[PDB]
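These notes are about the structure you will find just below.
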Amino acid sequence: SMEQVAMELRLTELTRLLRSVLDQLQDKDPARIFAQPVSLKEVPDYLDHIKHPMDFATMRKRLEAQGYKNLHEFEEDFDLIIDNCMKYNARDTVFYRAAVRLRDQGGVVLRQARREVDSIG
């Protein structure tokens, strides 16, 4: 149907916007601490601690399959990155501190993304 096509164009355009958001958030992680999944070879107990691991590569795979229906779903995955790190790692670690900085800097980006998603529809 033509309606299904229109919905698909909307999803495509959301995906374009989320790709730009993802690029901007990932620039706030210049150390690449959140770039890839935590390695279960290197941290074998991880899944005993963290039940829903997340990282920017995994988000990018979902994004490119157009698997984010709305901004809330995308933000859920970004918050997992941060929140997982802040639980597994202690306050005095470079990992925790990187997550705080990513949260703080990403907030700005996400605030305007929400306005754009609402504005453009």
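To be explicit about the labels: the chains of the structure tokens are called A, B, and onward in the order shown, and within each one the residues are counted from 1, while ligands get numbers from 1 in the order they are shown.
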- Within 7 Å of residue 36 of chain A, counting only C-alpha atoms, which residues qualify if same-chain residues fewer than 4 places away don't, as a PyMOL selection string? chain A and resi 55-57
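The list of residues with at least one atom within 12 Å of residue 105 of chain A, based on only C-alpha atoms and without residues fewer than 6 positions apart in the same chain, reads residues 24, 25, 26, 27, 28, 29, 82, 98, 99 and 111 of chain A.
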Just the selected residues (N, CA and C atoms), exported as a tab-separated table (two decimals), in the first residue's frame, please.
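selection.tsv written:
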```tsv
chain	number	residue	atom	x	y	z
A	24	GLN	N	27.27	11.73	16.82
A	24	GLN	CA	27.56	12.80	17.74
A	24	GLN	C	27.79	12.22	19.17
A	25	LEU	N	27.01	11.23	19.59
A	25	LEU	CA	27.22	10.68	20.94
A	25	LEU	C	28.54	9.93	20.99
A	26	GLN	N	28.86	9.16	19.97
A	26	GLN	CA	30.08	8.42	19.97
A	26	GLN	C	31.35	9.32	19.94
A	27	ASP	N	31.21	10.53	19.41
A	27	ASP	CA	32.33	11.47	19.49
A	27	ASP	C	32.62	11.91	20.91
A	28	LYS	N	31.63	11.83	21.79
A	28	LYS	CA	31.82	12.11	23.18
A	28	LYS	C	32.50	11.00	23.96
A	29	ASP	N	32.93	9.96	23.24
A	29	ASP	CA	33.68	8.81	23.82
A	29	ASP	C	34.97	8.68	23.06
A	82	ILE	N	25.57	3.43	29.50
A	82	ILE	CA	26.02	4.22	30.64
A	82	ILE	C	25.76	3.49	31.96
A	98	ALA	N	34.31	7.85	32.47
A	98	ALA	CA	34.00	8.03	31.03
A	98	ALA	C	32.49	8.01	30.83
A	99	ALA	N	31.81	7.11	31.54
A	99	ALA	CA	30.37	7.04	31.42
A	99	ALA	C	29.68	8.28	31.92
A	111	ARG	N	18.61	16.15	23.91
A	111	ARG	CA	17.60	17.18	24.11
A	111	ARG	C	17.16	17.77	22.76
```
- Just the alpha helix (DSSP H) stuff from chain A, please, per backbone DSSP, written as an MDAnalysis selection string. chainID A and resid 2:27 46:49 56:64 71:88 94:120
- For residue 58 of chain A, which of A:42, A:83, A:77, A:13 is the closest residue, counting only C-alpha atoms? A:77
Report as a PDB file with N, CA and C atoms, in the first residue's frame all protein, DNA and RNA residues lying within 12 Å of residue 67 of chain A, evaluated on only C-alpha atoms, omitting residues in the same chain fewer than 2 positions from it.
```pdb
ATOM      1  N   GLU A   8       7.225   3.581   5.876  1.00  0.00           N
ATOM      2  CA  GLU A   8       8.602   3.202   5.645  1.00  0.00           C
ATOM      3  C   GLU A   8       9.541   4.358   5.346  1.00  0.00           C
ATOM      4  N   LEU A  11      10.245   5.956   8.753  1.00  0.00           N
ATOM      5  CA  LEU A  11      11.269   5.101   9.454  1.00  0.00           C
ATOM      6  C   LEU A  11      12.660   5.337   8.886  1.00  0.00           C
ATOM      7  N   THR A  12      12.784   5.448   7.559  1.00  0.00           N
ATOM      8  CA  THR A  12      14.012   5.746   6.954  1.00  0.00           C
ATOM      9  C   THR A  12      14.572   7.067   7.358  1.00  0.00           C
ATOM     10  N   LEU A  14      13.795   8.714  10.139  1.00  0.00           N
ATOM     11  CA  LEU A  14      14.184   8.602  11.604  1.00  0.00           C
ATOM     12  C   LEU A  14      15.571   7.969  11.699  1.00  0.00           C
ATOM     13  N   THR A  15      15.796   6.907  10.894  1.00  0.00           N
ATOM     14  CA  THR A  15      17.064   6.199  10.892  1.00  0.00           C
ATOM     15  C   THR A  15      18.178   7.124  10.509  1.00  0.00           C
ATOM     16  N   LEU A  18      18.740   9.424  13.621  1.00  0.00           N
ATOM     17  CA  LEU A  18      19.419   8.602  14.680  1.00  0.00           C
ATOM     18  C   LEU A  18      20.846   8.285  14.310  1.00  0.00           C
ATOM     19  N   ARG A  19      21.166   8.092  13.014  1.00  0.00           N
ATOM     20  CA  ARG A  19      22.572   7.884  12.650  1.00  0.00           C
ATOM     21  C   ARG A  19      23.427   9.088  12.961  1.00  0.00           C
ATOM     22  N   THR A  58      26.807  -2.489  18.677  1.00  0.00           N
ATOM     23  CA  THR A  58      25.550  -3.224  18.717  1.00  0.00           C
ATOM     24  C   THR A  58      24.426  -2.264  18.348  1.00  0.00           C
ATOM     25  N   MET A  59      24.471  -1.029  18.865  1.00  0.00           N
ATOM     26  CA  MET A  59      23.428  -0.050  18.485  1.00  0.00           C
ATOM     27  C   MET A  59      23.474   0.231  16.974  1.00  0.00           C
ATOM     28  N   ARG A  60      24.663   0.321  16.421  1.00  0.00           N
ATOM     29  CA  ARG A  60      24.797   0.642  15.000  1.00  0.00           C
ATOM     30  C   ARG A  60      24.193  -0.489  14.155  1.00  0.00           C
ATOM     31  N   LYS A  61      24.391  -1.738  14.568  1.00  0.00           N
ATOM     32  CA  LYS A  61      23.799  -2.894  13.849  1.00  0.00           C
ATOM     33  C   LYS A  61      22.258  -2.802  13.871  1.00  0.00           C
ATOM     34  N   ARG A  62      21.697  -2.538  15.037  1.00  0.00           N
ATOM     35  CA  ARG A  62      20.250  -2.345  15.124  1.00  0.00           C
ATOM     36  C   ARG A  62      19.783  -1.159  14.271  1.00  0.00           C
ATOM     37  N   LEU A  63      20.463  -0.073  14.336  1.00  0.00           N
ATOM     38  CA  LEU A  63      20.077   1.108  13.590  1.00  0.00           C
ATOM     39  C   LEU A  63      20.031   0.812  12.081  1.00  0.00           C
ATOM     40  N   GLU A  64      21.057   0.141  11.582  1.00  0.00           N
ATOM     41  CA  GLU A  64      21.163  -0.084  10.127  1.00  0.00           C
ATOM     42  C   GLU A  64      20.187  -1.114   9.613  1.00  0.00           C
ATOM     43  N   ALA A  65      19.621  -1.927  10.484  1.00  0.00           N
ATOM     44  CA  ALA A  65      18.518  -2.757  10.171  1.00  0.00           C
ATOM     45  C   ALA A  65      17.182  -2.001  10.355  1.00  0.00           C
ATOM     46  N   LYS A  69      12.278   2.026  16.265  1.00  0.00           N
ATOM     47  CA  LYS A  69      10.934   2.561  15.819  1.00  0.00           C
ATOM     48  C   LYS A  69      10.704   4.004  16.203  1.00  0.00           C
ATOM     49  N   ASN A  70      11.364   4.461  17.272  1.00  0.00           N
ATOM     50  CA  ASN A  70      11.178   5.788  17.815  1.00  0.00           C
ATOM     51  C   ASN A  70      12.453   6.144  18.621  1.00  0.00           C
ATOM     52  N   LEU A  71      12.578   7.403  18.978  1.00  0.00           N
ATOM     53  CA  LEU A  71      13.734   7.872  19.752  1.00  0.00           C
ATOM     54  C   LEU A  71      13.817   7.223  21.139  1.00  0.00           C
ATOM     55  N   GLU A  73      13.262   4.202  22.070  1.00  0.00           N
ATOM     56  CA  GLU A  73      13.975   2.891  21.965  1.00  0.00           C
ATOM     57  C   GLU A  73      15.499   3.075  21.852  1.00  0.00           C
ATOM     58  N   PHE A  74      15.916   4.057  21.074  1.00  0.00           N
ATOM     59  CA  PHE A  74      17.310   4.403  20.877  1.00  0.00           C
ATOM     60  C   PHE A  74      17.886   4.911  22.203  1.00  0.00           C
ATOM     61  N   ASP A  77      18.724   2.148  24.747  1.00  0.00           N
ATOM     62  CA  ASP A  77      19.993   1.437  24.464  1.00  0.00           C
ATOM     63  C   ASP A  77      21.168   2.356  24.906  1.00  0.00           C
TER      64      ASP A  77
END
```
- Closest of A:50, A:104, A:3, A:9 to residue 87 of chain A - atom-to-atom distances counting only C-alpha atoms: A:50
- Do a neighbour search on residue 84 of chain A at 10 Å with only C-alpha atoms, toss out local chain neighbours closer than 3 positions, and write the hits as a ChimeraX atom specification. /A:49-55,79-81,87-89,96,99
- Item | Distance of atom CA of residue 94 of chain A from atom CA of residue 35 of chain A, expressed in Å to one decimal place | 14.9 Å
- Query: What is the distance between atom CA of residue 40 of chain A and atom CA of residue 78 of chain A, in Å to one decimal?
  - Reply: 20.4 Å
- Check the smallest atom-to-atom distance from each of A:38, A:101, A:68, A:112 to residue 10 of chain A using only C-alpha atoms, then report the winner.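 That would be A:68, the residue with the smallest distance to residue 10 of chain A.
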